Amino acid sequence: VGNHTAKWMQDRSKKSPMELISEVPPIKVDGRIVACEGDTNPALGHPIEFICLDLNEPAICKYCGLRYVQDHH
Amino acid sequence: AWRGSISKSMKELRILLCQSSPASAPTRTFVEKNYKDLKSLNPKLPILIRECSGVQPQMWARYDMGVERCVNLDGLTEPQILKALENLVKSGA
Amino acid sequence: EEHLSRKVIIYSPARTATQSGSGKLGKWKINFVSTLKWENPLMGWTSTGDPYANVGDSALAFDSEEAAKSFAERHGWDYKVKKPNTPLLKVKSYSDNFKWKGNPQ
Amino acid sequence: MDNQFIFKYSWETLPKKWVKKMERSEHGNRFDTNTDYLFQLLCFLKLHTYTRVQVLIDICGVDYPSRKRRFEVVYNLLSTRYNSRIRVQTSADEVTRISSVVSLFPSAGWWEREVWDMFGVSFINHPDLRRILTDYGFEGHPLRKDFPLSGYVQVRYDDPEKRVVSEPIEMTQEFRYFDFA
Amino acid sequence: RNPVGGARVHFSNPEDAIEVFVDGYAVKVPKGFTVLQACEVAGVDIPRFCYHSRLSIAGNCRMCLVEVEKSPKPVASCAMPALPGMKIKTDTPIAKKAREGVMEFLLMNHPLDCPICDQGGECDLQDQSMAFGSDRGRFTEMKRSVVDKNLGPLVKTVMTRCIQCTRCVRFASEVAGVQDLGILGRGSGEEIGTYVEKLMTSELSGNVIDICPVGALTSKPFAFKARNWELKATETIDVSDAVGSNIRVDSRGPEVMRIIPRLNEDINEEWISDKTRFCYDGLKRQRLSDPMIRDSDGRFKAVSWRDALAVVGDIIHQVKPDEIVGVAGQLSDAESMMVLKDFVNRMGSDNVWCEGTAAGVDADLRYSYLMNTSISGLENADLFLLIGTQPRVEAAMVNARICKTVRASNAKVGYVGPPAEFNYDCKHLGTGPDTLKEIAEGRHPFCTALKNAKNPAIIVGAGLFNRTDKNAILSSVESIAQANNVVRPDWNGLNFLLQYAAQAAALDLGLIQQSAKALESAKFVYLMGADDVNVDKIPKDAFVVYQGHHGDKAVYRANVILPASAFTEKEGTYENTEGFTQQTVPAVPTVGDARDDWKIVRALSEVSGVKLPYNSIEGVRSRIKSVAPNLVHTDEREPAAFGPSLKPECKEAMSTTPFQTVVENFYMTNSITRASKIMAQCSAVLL
Amino acid sequence: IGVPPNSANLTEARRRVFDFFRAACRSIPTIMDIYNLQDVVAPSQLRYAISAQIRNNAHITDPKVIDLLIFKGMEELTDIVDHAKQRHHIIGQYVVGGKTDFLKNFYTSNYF
Ligand code: SF4
Ligand code: SF4
Ligand code: FES
Ligand SMILES: [Zn+2]
């Protein structure tokens, strides 16, 4: 719906990828760090990304947009 | 009394000279010796002293309607640079 | 004929500011100042009609100022030379990080 | 007949004024010669019993814009008799004609036409020296470094004239030069 | 052997030179040079991350290790001083293995995000990994991760990529003069940051993007927009101020993508200001693209060039000659200013001047409106006296030079003018001309400090040039300079700081306002890019013609709009504060139906019936040779030929009005900057 | 038939120029027939264009440059005759059949 998506997406029947990724709830992790590969099979995903969870705001994987939060604190 | 009437005759006077060349030495002496009195007698006349590393000693006067005249100062002595100024002030002005 | 009368600039591209390495210097280029491009009104692609659009940065190169000047003067182009800026090496000491401030004033 | 024997024997036997530079390398034995001795050197190599360089594999030009003689003409040759290859090179500029070797190697005819078409080097005593690859009436020599990749003109059908015609080029999307250096 | 990058080596005396060997080779270096510098003189490029020639040596990255004979350990070449007879080896197995190990340690915790990192394609880490350590990774444990920090709208942060080289911290402390960045914590967990939430407010903050060797600090407005290999590089100059900072303009097609500094030891030393770096957005916004005449309903309508020029030419012959006024904009090049002056003088008017405070100054002597010390010459000054100027917001690179001189040589700074925030210690001496009288009369600790200074430097701002008591202020300043021997054959410490890129060339060409109230009595006003003139002083019935590439208020008042080229789209001559003349280089095509300014003026002159004796820019420059020949002798340094002695004595009284502030908003100074998102956001948050 | 050696001096080069000019002029009727120019342009204008091309290069003093120009002229003549590409007002490279220039160029565009 934003200006970025309107540059290429000319169909409003489906949600844009930005809205779709935002609807995925943050994944809870036991710990202060998590590694994201974007796929259950790492060779079929994206280069491994290690994400720090020290901040209260959910941390976003810069490759696939998955979000992670510390489960306890 | 012509030196006190330069403003009435021309809109702008330009003196181009070399900073270090011997050919520009009479022009530099003329500037150093006459600019004080010329500007005091003509407080509202722009007297543009423009020095350049390799220009021949020149002197320009700008009148009405943008008409200009130039005098080549090469091979001239300090008093003859003053005559040329008087000629520019008194004729064609 | 028509393209042999254009004005060009002979220069040595300086080092980029995003990298500390110096391995792309010493080359001399002929800038053809090709600055006539527009947008194709079908896909937004960048169109041009100037034959020397990229030859000065992709193919034509010269190892020295004199070679580029000779080539330009043989082809008859009007050229202006821009001397490259070079760094001045200055005496630097790691001891300077711990200079005595002197007696208090 | 290995490249050590060719280098040594050619040093011993060739007239000295023919060769300015001799390189021995796994990349190939290489002889550089002035343009006025190219023909005689090639005739010697072809006819001499200990060389028998009978096959002219090709002739090609290389453009070096930083050089006073910008063109380098390379002759790749083969001896089936001795199972050996030789490279002979000479330099040239935009106006100096060099000798044709068609009378030595008939295969040279078209390779010389190609050098003339692509680079603009002319060949003395060539029986039929005209362009061979480019379109008729082509202007310029495309393999020169200063010749633009897309050239200067393009063609299209023109209905009012009922024919294909040539106009100055107009590029919908210009060639993008990616400088990774 | 040629030095690396063609670097110049200056010897104070040949006796003060030592001899060292770099890989067998004999090289001669000055005493005090480091091993790395001796390698550069030898032409050997030593890899480095933490070392920067303009910043203090750190010696922490350990990538510059080399082998020195009789040394037990590998030697950090960036920090080790060179000694006579030293035998330096850079390609021995010890050095190669040390480089491989250090590179392996660097990549150990480095994130695998080259495809999303903007440094990709111009990354020192990538190149040195390809070259020195072509070792197959063997680290299989978990990498450390770091949260991103908020530093403002200019610097985008990805701290996982940071290699703790501390270049940004040292730049903040030593060059920017704003200590906001530090290194927090200890060990592998140390993090670069400000600890507390705060944005980088220094006007030189953007250079940390250049100095950061990895993609940890990147340009936020440029984020993700392009790769370095698809950008065309044009070497040109900046027109944001009167400094003339050397820049490289990167473009893709007919669009400027980014602006990065260009090395020039005499002007800006590979640094630029944030205004210079991030003003490129406005080049594609609110562009005047077509000629326009206001219609019957008082609305602009697009026309051809011939119709607009015919209208202007027809209406310019219906006014008195003294009623024609032409004003040149702050971004005008010398050629267009010369053509405008010729056109207006040939219609019988002398009301041609450049917009700004220095509109009607005495331009007879070139020393009186230029920085005679030169920017590089400031580093030799031991004392600074600033009179009515805020160099931090008026000339950012000059202020950077002053700060560097203060930090290095412990020079003192006295300031007279309104209160302002300096990035270096400085005594406030007063606020107005009473302070000048006190300085002239002596009896003050700063007066004896000025007398006890070997090479004092007075810097007078051009903002004082529009005051009513301008002659009195200038006379007092020159008397202070004479009493302290500021101007000597071996030292010219008298300086005047201009504010506009066009001001120096305009003063050289004689674009001087004679009548102080000529704008209030004009019926034909030609505003050649002069968007900063106050247009309510123009009579309501005057015919106003605006020529430029942007505009807010003058465009509203203008009866005719003539679209003009921008500085990135043309080749124009500009002179900076120190009298150095430079030329722009075209980087991108113009937009719409725009034309070069001098072309528009010449075309109008032809339409108006005046025949100028030139039809090309070469003819314009030949004409300029008859007025200001220094303007066509580009890229040349020349000393002053005449000084204060020729000035007539002045007896005007001294007013009591304090000095005012010239630049109220650093980011809003010209029409280009006022049309940029990024500059507006900087004004919103960074001020 | 074969490509001759370079002219030794300006005299023999001038002789080659005269030979080329004669060959070019003698081919004018063939060109008029091939391009159907009877009602478009006179044969003398073709002769005049060829001679003007020869005259515009009258300042050349190097025989090798003259030989190259003659060779190129022969090739262009051969392509014009043997492999004609008919346009209308144009044969090969020649067009067949109160304000100064600055104002016209300014009205045209910003690139002169
Ligand atoms: S800084 Fe960026 S480009 Fe360089 S190695 Fe790291 S991720 Fe790759
Ligand atoms: S952010 Fe960049 S410049 Fe600062 S310490 Fe990290 S790698 Fe070095
Ligand atoms: S460059 Fe010397 S240790 Fe970093
Ligand atoms: Zn992911």
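Naming convention: chains lettered A, B, ... in sequence-line order (proteins, then strands); numbering from 1 in each chain. For ligands, and for the atoms within them, numbers begin at 1 and follow the listed sequence.
Using a 4.0 Å cut-off between charged side-chain N and carboxylate O, E:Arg262 and E:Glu270 make no salt bridge. For the pair A:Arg32 and A:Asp54, the salt-bridge criterion is met [side-chain N within less than 4.0 Å of a carboxylate O].
In summary, the atoms of ligand 2 found under 4.0 Å from a heavy atom of E:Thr166, numbered by their order in the structure, are 5 (S), 8 (Fe). Counting atoms of ligand 3 from 1 in the listed order, those under 4.0 Å from a heavy atom of E:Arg48 are 1 (S). Heavy-atom proximity to E:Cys61, at under 4.0 Å, picks out these atoms of ligand 3: 1 (S), 3 (S), 4 (Fe). The atoms of ligand 3 that sit less than 4.0 Å from any heavy atom of E:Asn60 are 3 (S). Within the listing of ligand 3, atoms 1 (S), 3 (S), 4 (Fe) sit less than 4.0 angstrom from a heavy atom of E:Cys50. Counting atoms of ligand 3 from 1 in the listed order, those under 4.0 Å from a heavy atom of E:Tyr51 are 1 (S). For ligand 2, the atoms closer than 4.0 angstrom to any heavy atom of E:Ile192 are 5 (S). Atom numbering of ligand 3 starts at 1 in the shown order; those under 4.0 Å from a heavy atom of E:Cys64 are 1 (S), 2 (Fe), 3 (S). The E:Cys162 neighbourhood of ligand 2 comprises atoms 1 (S), 5 (S), 6 (Fe), 7 (S), with distances under 4.0 Å to a heavy atom of that residue.
Here E:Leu217 has side-chain heavy atoms under 4.0 Å from ligand 2, and that is the only part of it that gets that close.
Between A:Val29 and A:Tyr68, the shortest heavy-atom contact is CG2-CD2, 3.9 Å.
The shortest contact between atom 8 (Fe) of ligand 2 and any protein heavy atom is with E:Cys165 SG, 2.3 Å. Summary of contacts: the protein heavy atom closest to atom 3 (S) of ligand 3 is E:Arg62 N, 3.1 Å. At the shortest separation from atom 4 (Fe) of ligand 2 among protein heavy atoms lies E:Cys168 SG, 2.3 Å. With respect to atom 2 (Fe) of ligand 2, the closest heavy atom belonging to the protein is E:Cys212 SG, 2.3 Å.
Both tests hold for E:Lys275 against E:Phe666: distance to the six-membered ring centre under 6.0 Å, angle to the ring axis within 45°. Geometrically, E:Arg407 does not engage E:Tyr424 in a cation-pi contact defined by less than 6.0 Å to the ring centre and at most 45° from the axis.
Remark: the backbone N or O of C:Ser20 is paired with a side-chain donor or acceptor of E:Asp124 at under 3.5 angstrom.
For E:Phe171 and E:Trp271, the ring centers sit closer than 6.0 Å to each other.
Residue E:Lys96 places its NZ atom among more than 12 non-hydrogen atoms of other residues, nucleotides or ligands, all under 6.0 Å distant. Crowding of D:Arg176 atom CZ: a count of heavy atoms from other residues, nucleotides or ligands under 6.0 Å not exceeding 12.
Excluding waters, the count of protein N/O/S atoms less than 2.8 Å from atom 6 (Fe) of ligand 1 comes to 1.
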